[PDB]
Structures are given as C-alpha cells and as structure tokens.
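A.B. asks: Sharing entry.pdb, PDB, C-alpha atoms and all ligand atoms:
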```pdb
ATOM      1  CA  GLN F   1      11.282 -11.917  -4.510  1.00  0.00           C
ATOM      2  CA  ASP F   2       8.012 -12.361  -2.571  1.00  0.00           C
ATOM      3  CA  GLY F   3       7.560  -8.555  -2.515  1.00  0.00           C
ATOM      4  CA  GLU F   4       6.490  -8.421  -6.185  1.00  0.00           C
ATOM      5  CA  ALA F   5       4.603 -11.730  -5.847  1.00  0.00           C
ATOM      6  CA  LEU F   6       2.690 -10.364  -2.834  1.00  0.00           C
ATOM      7  CA  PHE F   7       1.745  -7.149  -4.669  1.00  0.00           C
ATOM      8  CA  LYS F   8       0.619  -9.476  -7.504  1.00  0.00           C
ATOM      9  CA  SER F   9      -1.849 -11.884  -5.795  1.00  0.00           C
ATOM     10  CA  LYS F  10      -2.910  -8.785  -3.919  1.00  0.00           C
ATOM     11  CA  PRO F  11      -4.690  -6.695  -6.608  1.00  0.00           C
ATOM     12  CA  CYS F  12      -3.633  -3.658  -4.528  1.00  0.00           C
ATOM     13  CA  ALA F  13      -1.982  -2.723  -7.842  1.00  0.00           C
ATOM     14  CA  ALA F  14      -5.249  -3.448  -9.701  1.00  0.00           C
ATOM     15  CA  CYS F  15      -6.292  -0.176  -8.036  1.00  0.00           C
ATOM     16  CA  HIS F  16      -2.774   1.188  -7.318  1.00  0.00           C
ATOM     17  CA  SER F  17       0.010   1.789  -9.865  1.00  0.00           C
ATOM     18  CA  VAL F  18       3.688   2.759 -10.219  1.00  0.00           C
ATOM     19  CA  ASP F  19       3.844   5.382 -13.001  1.00  0.00           C
ATOM     20  CA  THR F  20       0.219   6.071 -14.027  1.00  0.00           C
ATOM     21  CA  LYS F  21      -2.150   6.378 -11.030  1.00  0.00           C
ATOM     22  CA  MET F  22      -5.892   5.720 -11.513  1.00  0.00           C
ATOM     23  CA  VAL F  23      -7.778   5.189  -8.225  1.00  0.00           C
ATOM     24  CA  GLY F  24      -4.969   5.514  -5.640  1.00  0.00           C
ATOM     25  CA  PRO F  25      -1.482   7.061  -5.655  1.00  0.00           C
ATOM     26  CA  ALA F  26       1.304   4.871  -7.088  1.00  0.00           C
ATOM     27  CA  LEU F  27       3.401   3.047  -4.448  1.00  0.00           C
ATOM     28  CA  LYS F  28       6.026   5.739  -5.203  1.00  0.00           C
ATOM     29  CA  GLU F  29       3.906   8.711  -4.035  1.00  0.00           C
ATOM     30  CA  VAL F  30       2.675   6.628  -1.077  1.00  0.00           C
ATOM     31  CA  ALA F  31       6.164   5.244  -0.379  1.00  0.00           C
ATOM     32  CA  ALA F  32       7.565   8.800  -0.504  1.00  0.00           C
ATOM     33  CA  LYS F  33       4.902  10.072   1.929  1.00  0.00           C
ATOM     34  CA  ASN F  34       5.661   7.304   4.448  1.00  0.00           C
ATOM     35  CA  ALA F  35       9.428   7.493   3.796  1.00  0.00           C
ATOM     36  CA  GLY F  36      10.154   9.942   6.635  1.00  0.00           C
ATOM     37  CA  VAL F  37       7.903   7.795   8.867  1.00  0.00           C
ATOM     38  CA  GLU F  38       9.977   4.786  10.007  1.00  0.00           C
ATOM     39  CA  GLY F  39       6.604   3.320  11.078  1.00  0.00           C
ATOM     40  CA  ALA F  40       5.305   3.468   7.484  1.00  0.00           C
ATOM     41  CA  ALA F  41       4.042  -0.152   7.480  1.00  0.00           C
ATOM     42  CA  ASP F  42       2.098   0.817  10.617  1.00  0.00           C
ATOM     43  CA  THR F  43       0.397   3.792   8.921  1.00  0.00           C
ATOM     44  CA  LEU F  44      -0.271   1.752   5.756  1.00  0.00           C
ATOM     45  CA  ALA F  45      -1.612  -1.056   7.970  1.00  0.00           C
ATOM     46  CA  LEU F  46      -4.341   0.925   9.780  1.00  0.00           C
ATOM     47  CA  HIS F  47      -5.173   2.513   6.409  1.00  0.00           C
ATOM     48  CA  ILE F  48      -5.809  -0.824   4.653  1.00  0.00           C
ATOM     49  CA  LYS F  49      -6.541  -3.140   7.578  1.00  0.00           C
ATOM     50  CA  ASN F  50      -8.842  -0.338   8.857  1.00  0.00           C
ATOM     51  CA  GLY F  51      -9.994   1.575   5.734  1.00  0.00           C
ATOM     52  CA  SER F  52      -8.518   5.060   5.116  1.00  0.00           C
ATOM     53  CA  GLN F  53      -9.566   8.378   3.534  1.00  0.00           C
ATOM     54  CA  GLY F  54      -9.177  12.186   3.773  1.00  0.00           C
ATOM     55  CA  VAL F  55      -5.513  11.780   2.747  1.00  0.00           C
ATOM     56  CA  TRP F  56      -4.932  11.056  -0.952  1.00  0.00           C
ATOM     57  CA  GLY F  57      -8.547  12.053  -1.765  1.00  0.00           C
ATOM     58  CA  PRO F  58     -12.202  11.560  -0.781  1.00  0.00           C
ATOM     59  CA  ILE F  59     -12.015   7.884  -1.866  1.00  0.00           C
ATOM     60  CA  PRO F  60     -11.831   5.563   1.173  1.00  0.00           C
ATOM     61  CA  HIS F  61     -10.327   2.138   1.360  1.00  0.00           C
ATOM     62  CA  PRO F  62     -11.992  -1.295   1.438  1.00  0.00           C
ATOM     63  CA  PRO F  63     -11.584  -3.775   4.303  1.00  0.00           C
ATOM     64  CA  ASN F  64      -8.235  -5.417   3.454  1.00  0.00           C
ATOM     65  CA  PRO F  65      -7.242  -7.590   6.433  1.00  0.00           C
ATOM     66  CA  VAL F  66      -3.725  -9.037   6.034  1.00  0.00           C
ATOM     67  CA  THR F  67      -1.460 -11.049   8.348  1.00  0.00           C
ATOM     68  CA  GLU F  68       1.322  -9.116  10.132  1.00  0.00           C
ATOM     69  CA  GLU F  69       3.715 -11.430   8.252  1.00  0.00           C
ATOM     70  CA  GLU F  70       2.342 -10.532   4.800  1.00  0.00           C
ATOM     71  CA  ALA F  71       1.656  -6.912   5.824  1.00  0.00           C
ATOM     72  CA  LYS F  72       5.283  -6.643   6.997  1.00  0.00           C
ATOM     73  CA  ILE F  73       6.737  -8.084   3.772  1.00  0.00           C
ATOM     74  CA  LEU F  74       4.296  -6.140   1.580  1.00  0.00           C
ATOM     75  CA  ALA F  75       5.190  -3.044   3.628  1.00  0.00           C
ATOM     76  CA  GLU F  76       8.914  -3.640   3.018  1.00  0.00           C
ATOM     77  CA  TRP F  77       8.588  -4.070  -0.759  1.00  0.00           C
ATOM     78  CA  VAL F  78       6.227  -1.065  -0.904  1.00  0.00           C
ATOM     79  CA  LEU F  79       8.522   1.230   1.123  1.00  0.00           C
ATOM     80  CA  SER F  80      11.609  -0.202  -0.607  1.00  0.00           C
ATOM     81  CA  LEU F  81      10.044  -0.248  -4.107  1.00  0.00           C
ATOM     82  CA  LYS F  82      13.385  -0.353  -5.987  1.00  0.00           C
TER      83      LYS F  82
HETATM   84  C1  LIG D 101      -9.265   0.623  -5.293  1.00  0.00           C
HETATM   85  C2  LIG D 101     -10.564  -0.008  -4.780  1.00  0.00           C
HETATM   86  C3  LIG D 101      -8.126   0.299  -4.344  1.00  0.00           C
HETATM   87  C4  LIG D 101      -7.678  -0.945  -4.015  1.00  0.00           C
HETATM   88  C5  LIG D 101      -8.221  -2.260  -4.504  1.00  0.00           C
HETATM   89  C6  LIG D 101      -6.635  -0.784  -3.151  1.00  0.00           C
HETATM   90  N1  LIG D 101      -6.425   0.534  -2.885  1.00  0.00           N
HETATM   91 FE1  LIG D 101      -5.111   1.306  -1.631  1.00  0.00          FE
HETATM   92  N2  LIG D 101      -5.834   3.115  -2.004  1.00  0.00           N
HETATM   93  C7  LIG D 101      -6.846   3.453  -2.860  1.00  0.00           C
HETATM   94  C8  LIG D 101      -7.089   4.808  -2.824  1.00  0.00           C
HETATM   95  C9  LIG D 101      -8.145   5.566  -3.618  1.00  0.00           C
HETATM   96  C10 LIG D 101      -6.213   5.337  -1.918  1.00  0.00           C
HETATM   97  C11 LIG D 101      -6.107   6.788  -1.508  1.00  0.00           C
HETATM   98  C12 LIG D 101      -7.318   7.099  -0.623  1.00  0.00           C
HETATM   99  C13 LIG D 101      -7.250   8.529  -0.112  1.00  0.00           C
HETATM  100  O1  LIG D 101      -8.123   9.325  -0.386  1.00  0.00           O
HETATM  101  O2  LIG D 101      -6.318   8.885   0.574  1.00  0.00           O
HETATM  102  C14 LIG D 101      -5.451   4.294  -1.440  1.00  0.00           C
HETATM  103  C15 LIG D 101      -4.453   4.417  -0.503  1.00  0.00           C
HETATM  104  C16 LIG D 101      -3.695   3.391   0.017  1.00  0.00           C
HETATM  105  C17 LIG D 101      -2.704   3.540   0.963  1.00  0.00           C
HETATM  106  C18 LIG D 101      -2.255   4.837   1.604  1.00  0.00           C
HETATM  107  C19 LIG D 101      -3.434   5.483   2.334  1.00  0.00           C
HETATM  108  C20 LIG D 101      -2.935   6.689   3.127  1.00  0.00           C
HETATM  109  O3  LIG D 101      -1.749   6.945   3.175  1.00  0.00           O
HETATM  110  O4  LIG D 101      -3.703   7.376   3.751  1.00  0.00           O
HETATM  111  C21 LIG D 101      -2.204   2.292   1.216  1.00  0.00           C
HETATM  112  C22 LIG D 101      -1.096   1.938   2.196  1.00  0.00           C
HETATM  113  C23 LIG D 101      -2.907   1.414   0.421  1.00  0.00           C
HETATM  114  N3  LIG D 101      -3.834   2.078  -0.332  1.00  0.00           N
HETATM  115  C24 LIG D 101      -2.723   0.047   0.401  1.00  0.00           C
HETATM  116  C25 LIG D 101      -3.423  -0.855  -0.365  1.00  0.00           C
HETATM  117  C26 LIG D 101      -3.237  -2.227  -0.346  1.00  0.00           C
HETATM  118  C27 LIG D 101      -2.219  -2.997   0.486  1.00  0.00           C
HETATM  119  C28 LIG D 101      -4.160  -2.758  -1.209  1.00  0.00           C
HETATM  120  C29 LIG D 101      -4.370  -4.230  -1.534  1.00  0.00           C
HETATM  121  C30 LIG D 101      -4.791  -4.980  -0.269  1.00  0.00           C
HETATM  122  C31 LIG D 101      -4.875  -1.699  -1.724  1.00  0.00           C
HETATM  123  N4  LIG D 101      -4.422  -0.511  -1.228  1.00  0.00           N
HETATM  124  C32 LIG D 101      -5.914  -1.816  -2.610  1.00  0.00           C
HETATM  125  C33 LIG D 101      -7.546   2.552  -3.622  1.00  0.00           C
HETATM  126  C34 LIG D 101      -7.363   1.192  -3.629  1.00  0.00           C
END
```
Mind turning this structure into structure tokens?

C.D. replies:
Amino acid sequence: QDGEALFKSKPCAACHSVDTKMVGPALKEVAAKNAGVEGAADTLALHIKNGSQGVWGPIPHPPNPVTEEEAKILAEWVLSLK
C-alpha cells in the first residue's frame, strides 16, 4: 500500500506517467526495460540518486536523493507496477 503512496508524495509521476508519457517514460516502459535486470532498483537508483540521461532521451534527471529504504520500496512498486 505504501508503493502508491510513495509514488504520490514523490512527484516522480508529476513528470512520469503510466499510460500517457510526457517528460519521461511511464513506469511500464521503464519497468519493462529493467524487468530482465534483477538489479533494476540499482539501475533506477544511480539514475535518480545520480542523475541519468542518454537512455530514454536527451533529457537528464534532477538530483533525487532517496533513502535505501524508500528507494527499495519505490523500486518494488515500480518494478511490480500491477
Ligand atoms: C521531470 C523533471 C522528471 C521528474 C520530476 C522525474 N523524472 Fe524520472 N525521468 C525523467 C526523464 C525525462 C527520464 C528519461 C531520461 C532519459 O533521457 O533517459 C526519466 C527517467 C527515469 C528513470 C529511468 C532512467 C533510465 O533508465 O535511464 C527512473 C528510474 C526515474 N526516472 C525515476 C524517477 C523518480 C524516482 C522520480 C521522483 C524522485 C523521477 N524519476 C522524477 C523525468 C523526470
């Protein structure tokens, strides 16, 4: 239940989406790309916690430092989606 709540207080969706896409790829396209990578949360971590670009487009990522606890839960709801 905290998965949706975490993606809420975290406006990651404000820029991300699920079935529309605007600035970044919906958690589905990103969750599908890191689906074959059991270390998805790791890849998504260095991309947010350490900016990221040259992947989904020329638009880089802001400095989004999160705690391994929240990054782990947010990485489980993002990779699990539904
Ligand atoms: C608009 C300013 C954004 C906000 C706010 C957040 N994200 Fe984002 N994200 C955005 C873009 C444009 C992209 C694609 C960049 C590219 O060119 O590749 C992304 C991508 C991600 C990714 C995947 C990056 C990759 O696989 O290389 C993740 C894991 C991701 N974003 C996470 C994330 C989180 C947790 C956010 C809230 C803290 C968040 N994003 C906000 C644009 C924007």

A.B. asks: Quick one: residues within 7 Å of ligand LIG 101 (chain D), with all atoms listed in the file, as a VMD selection string?

C.D. replies: chain F and resid 10 to 16 23 to 25 30 43 to 45 47 to 48 52 to 62 64

A.B. asks: Using all atoms listed in the file, collect all residues at a distance of at most 12 Å from (-0.9, -11.2, -2.9) as written in the file, then present them as a list in words.

C.D. replies: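 Residues lying no farther than 12 Å from the given point: residues 2, 3, 4, 5, 6, 7, 8, 9, 10, 11, 12, 13, 14, 64, 65, 66, 67, 70, 71, 73 and 74 of chain F.
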
A.B. asks: Selection from above, C-alpha atoms, as a short mmCIF file (atom, residue, chain, number, x, y, z; two decimals), keeping the file's coordinate frame, can you write it?

C.D. replies:
```cif
data_model
loop_
_atom_site.label_atom_id
_atom_site.label_comp_id
_atom_site.auth_asym_id
_atom_site.auth_seq_id
_atom_site.Cartn_x
_atom_site.Cartn_y
_atom_site.Cartn_z
CA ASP F 2 8.01 -12.36 -2.57
CA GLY F 3 7.56 -8.56 -2.52
CA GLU F 4 6.49 -8.42 -6.18
CA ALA F 5 4.60 -11.73 -5.85
CA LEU F 6 2.69 -10.36 -2.83
CA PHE F 7 1.74 -7.15 -4.67
CA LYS F 8 0.62 -9.48 -7.50
CA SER F 9 -1.85 -11.88 -5.80
CA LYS F 10 -2.91 -8.78 -3.92
CA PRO F 11 -4.69 -6.70 -6.61
CA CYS F 12 -3.63 -3.66 -4.53
CA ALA F 13 -1.98 -2.72 -7.84
CA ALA F 14 -5.25 -3.45 -9.70
CA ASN F 64 -8.24 -5.42 3.45
CA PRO F 65 -7.24 -7.59 6.43
CA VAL F 66 -3.72 -9.04 6.03
CA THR F 67 -1.46 -11.05 8.35
CA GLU F 70 2.34 -10.53 4.80
CA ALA F 71 1.66 -6.91 5.82
CA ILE F 73 6.74 -8.08 3.77
CA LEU F 74 4.30 -6.14 1.58
#
```

A.B. asks: Nearest to residue 35 of chain F: which of F:50, F:69, F:75, F:21 is it, counting only C-alpha atoms?

C.D. replies: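 So, comparing all the options, the nearest one is F:75.
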
A.B. asks: For a quick check of understanding, using only C-alpha atoms, which of F:51, F:46, F:38, F:17 has the smallest distance to residue 80 of chain F?

C.D. replies: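 Of the candidates, the smallest distance to residue 80 of chain F is held by F:38.
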
A.B. asks: Which one of F:79, F:63, F:19, F:72 sits closest to residue 37 of chain F if you count all atoms listed in the file?

C.D. replies: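 Of all the options, F:79 lies closest to residue 37 of chain F.
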